[PDB]
Amino acid sequence: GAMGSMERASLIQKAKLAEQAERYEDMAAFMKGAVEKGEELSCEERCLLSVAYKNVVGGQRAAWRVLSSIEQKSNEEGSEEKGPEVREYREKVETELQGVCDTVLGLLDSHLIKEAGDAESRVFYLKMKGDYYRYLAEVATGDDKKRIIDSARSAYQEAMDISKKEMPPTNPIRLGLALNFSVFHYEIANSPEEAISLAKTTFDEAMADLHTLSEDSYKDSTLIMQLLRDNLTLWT
Amino acid sequence: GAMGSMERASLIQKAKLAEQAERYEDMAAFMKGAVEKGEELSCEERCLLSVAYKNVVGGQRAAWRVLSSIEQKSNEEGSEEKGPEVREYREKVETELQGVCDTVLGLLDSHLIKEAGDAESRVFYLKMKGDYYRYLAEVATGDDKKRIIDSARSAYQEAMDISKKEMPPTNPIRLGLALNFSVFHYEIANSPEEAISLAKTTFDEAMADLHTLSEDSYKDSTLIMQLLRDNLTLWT
Amino acid sequence: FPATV
Amino acid sequence: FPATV
Ligand SMILES: *SCCNC(=O)C(C)(C)Oc1ccc(Cl)cc1
Ligand SMILES: *SCCNC(=O)C(C)(C)Oc1ccc(Cl)cc1
Ligand SMILES: CCOc1cccc2sc(C(=N)N)cc12
Ligand SMILES: CCOc1cccc2sc(C(=N)N)cc12
Ligand SMILES: [Mg+2]
Ligand SMILES: [Mg+2]
Ligand SMILES: [Mg+2]
Ligand SMILES: [Mg+2]
Ligand SMILES: [Mg+2]
Ligand SMILES: [Mg+2]
């Protein structure tokens with residue numbers, strides 16, 4: 001790895017600088033190097049990893065949707081043949097996206113998840129595993145599509161099972177996991193009723209727990225609760 | 001070149017798709033491949049080239065300014081030593097920026113400018129040559145800094161001389177050249193009076209020529225005139 | 001698109 | 001920063 005010669009602490013420092021400069025590809029490469037040092041990550045370092053790759057893959061997803069839209073229009077009735085270029089370039093972006101997803105899933109498998117014993121780390125990594133299989137599912141069309149979807153579901157489910165046993169209902173990681181698994185149900189699994197039920201039950205159980213929280217914890221939890229209610233508003 | 005096997009027309013088509021997807025690094029690589037086919041560029045193709053690299057280098061410049069700011073703060077009195085990391089990462093971004101500038105200047109020299117005989121193409125390319133030497137000047141600190149600045153000045157001046165002889169005062173390329181040469185004077189050459197005089201004379205001479213224009217040409221010219229007046233407002 | 005974090 | 005095109 002090109003970051004093998006750089007100190008772990010220097011990689012973390014430069015990831016933070018890259019975030020300040022909105023250089024998310026750099027930030028992801030620095031965090032990849034930090035993970036590959038083989039030590040467990042702290043809470044803050046897990047955030048740096050997830051922010052970096054979320055921004056990289058988010059950009060790729062946005063681009064892929066633009067191109068897929070153009071490609072679909074090109075294949076409608078009455079559209080003038082434009083050649084293979086739209087498909088080729090959509091495929092190029094798609095392959096790069098899959099590569100990023102495979103890289104993140106690789107870090108989780110080698111060896112972040114197997115060393116993550118605390119709920120706060122293990123749930124976070126399993127949620128990420130669900131997220132990056134979900135991104136693969138968004139572009140999947142082949143023999144393995146159902147297996148990709150089930151890989152996302154399995155990771156999310158394991159994360160949910162732990163989060164319900166080991167975290168309070170207002171824990172922001174528990175809330176964010178439920179937010180994203182709900183979107184998985186709605187957008188990937190064709191299960192809108194399950195998406196809505198999960199978002200609503202998650203919201204209501206968090207509401208009932210807010211009274212236990214400090215002002216700062218309250219702010220953190222209500223932020224994610226508002227995203228649950230935003231999705232519910234979109235869907236109902 | 002990695003784009004050597006792709007048709008010129010397919011490269012242009014994919015540059016346009018990349019722009020729609022806001023994938024400017026891709027757009028620049030596609031246009032680089034199109035230029036390297038060795039044929040002259042049309043007006044629209046010159047715009048695709050300039051948009052692609054302007055967006056790429058613009059992002060690098062923004063990042064470099066963030067990092068340089070952090071680096072300067074780190075070197076002030078009372079600041080805690082943080083090690084070489086800020087400088088290293090600023091240098092990394094700076095080297096990548098210089099690489100992009102060298103690539104664009106390379107395309108202009110090999111062989112876009114020498115084949116550009118019409119004012120609309122030649123002024124456009126010489127303006128670009130001034131722009132990319134200006135970006136190099138923004139980060140220059142070595143023995144060749146004054147020569148980099150003078151390279152920018154020389155290119156801008158040749159473009160100005162042609163534009164004044166061969167283009168009307170409202171021509172958007174003439175206006176944009178004057179806008180950017182004015183910024184060169186203000187920000188690079190430490191010549192604010194020349195920057196202000198050029199912007200004002202350019203604005204006034206365009207104003208007097210607007211009566212000759214159609215509605216659509218009027219819109220194009222007044223757009224760039226407003227940028228001249230915005231800069232004048234900043235500077236006075 | 002729906003919100004995810 | 002000033003405007004350029
Ligand atoms: S870990 C990145 C820092 N956190 C965030 O940006 C927000 C979205 C405010 O909080 C969460 C992010 C991710 C999860 Cl799983 C939960 C909350
Ligand atoms: S060539 C890119 C298309 N044109 C533009 O985006 C604007 C800024 C509207 O016009 C000009 C760009 C560049 C020049 Cl030199 C002049 C006008
Ligand atoms: C979890 C440990 O620290 C965080 C708590 C809450 C929000 C953020 S944002 C962030 C970052 N570099 N983007 C880190 C954190
Ligand atoms: C010059 C030939 O065509 C243009 C005139 C005016 C504005 C634009 S913008 C643009 C583009 N792909 N960004 C091309 C043009
Ligand atoms: Mg070490
Ligand atoms: Mg594919
Ligand atoms: Mg249930
Ligand atoms: Mg050919
Ligand atoms: Mg340097
Ligand atoms: Mg003069």
Side-chain angles (χ1 to χ4, degrees), chain A residues 153 156-157 159-161 163-165 169 174 177-178 181-182 184-185 189 191 193-206 228, chain B residues 11-24 26-28 30-31 34 40-56 58 60-61 63-65 67-68 71 84 86-102 118-121 123-125 127-128 135-145 148 167 170-177 214 216-224 227, chain D residues 5:
Chain A
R153 180 209 58 75
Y156 281 135
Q157 190 61 63
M160 293 282 326
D161 292 348
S163 79
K164 288 198 181 193
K165 292 174 187 152
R174 182 170 165 179
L177 163 64
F181 193 19
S182 169
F184 166 83
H185 287 308
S191 302
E193 288 176 333
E194 186 73 15
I196 292 158
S197 177
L198 177 56
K200 183 134 181 343
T201 289
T202 301
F203 182 96
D204 293 341
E205 276 154 42
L228 289 159
Chain B
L11 289 163
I12 299 301
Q13 182 177 356
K14 294 180 181 181
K16 290 171 183 172
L17 293 169
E19 184 183 23
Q20 288 189 87
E22 303 181 79
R23 295 263 300 194
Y24 293 105
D26 288 349
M27 187 187 181
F30 291 139
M31 292 303 310
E40 295 184 31
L41 305 193
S42 70
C43 291
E44 184 178 7
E45 296 164 350
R46 290 191 300 270
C47 273
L48 292 168
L49 177 71
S50 64
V51 165
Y53 279 109
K54 168 174 170 65
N55 275 272
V56 166
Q60 298 170 317
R61 290 160 76 210
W64 183 96
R65 293 183 191 198
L67 299 175
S68 193
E71 187 180 11
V86 174
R87 170 188 57 79
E88 287 168 354
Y89 186 46
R90 188 265 304 156
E91 291 177 327
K92 179 195 187 171
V93 173
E94 178 175 305
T95 298
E96 178 188 307
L97 184 159
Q98 292 167 322
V100 172
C101 291
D102 289 346
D118 295 355
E120 193 101 343
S121 59
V123 176
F124 194 93
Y125 292 135
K127 172 187 166 295
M128 283 177 71
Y135 305 149
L136 289 178
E138 285 176 338
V139 309
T141 57
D143 278 355
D144 55 353
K145 178 184 174 72
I148 293 167
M167 297 176 151
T170 48
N171 180 287
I173 295 170
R174 182 170 165 179
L175 294 174
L177 163 64
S214 71
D216 286 356
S217 294
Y218 183 89
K219 253 190 280 283
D220 294 336
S221 300
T222 57
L223 183 76
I224 310 312
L227 301 177
Chain D
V5 300

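Order of appearance sets the numbers: ligands from 1, and atoms from 1 within every ligand. To find a chain, count down the sequence lines: A is the first, B the second, and so on, and within it residues start at 1. Only heavy atoms go into these numbers, but all of them, side chains included; no hydrogens, no water, no symmetry mates.
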Note: A:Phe181 and A:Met160 closest approach over all heavy atoms is CD2-CG, 3.5 Å
Correct closest heavy-atom pair for B:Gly176 and B:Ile224 would be N-CG2, 3.9 Å
Value rounded to 0.5 Å, distance of CG in B:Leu136 from CD in B:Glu94: 10.0 Å
Using 2.8 Å as the cut-off, note every protein N, O or S atom close to the Mg ion (ligand 9). B:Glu94 OE2
List the atom of B:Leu227, the atom of D:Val5, and the distance in Å for their closest heavy-atom pair. CD1-CG1, 3.5 Å
In terms of side-chain heavy atoms, does B:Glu22 have a donor or acceptor partner in B:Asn55 at a distance below 3.5 Å? no
OG on B:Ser121 to CD1 on B:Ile173, rounded to 0.5 Å: 8.5 Å
Are any protein N/O atoms closer than 3.5 Å to the N/O atoms of ligand 4? If there are, list each pair with names and the distance to one decimal place.
| residue | atom | partner | partner atom | Å |
| --- | --- | --- | --- | --- |
| ligand 4 | 12 (N) | B:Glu19 | OE1 | 3.1 |
| ligand 4 | 13 (N) | B:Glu19 | OE2 | 2.9 |

For B:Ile148 and B:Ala137, which heavy atoms make the closest approach, and how far apart are they? CG2-N, 3.6 Å
Examine the side chains of B:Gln98 and B:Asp102 and answer whether a donor and an acceptor come within less than 3.5 Å of each other. no
One should read off an interatomic distance between B:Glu19 CD and B:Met31 CE, to the nearest 0.5 angstrom, of 10.5 Å
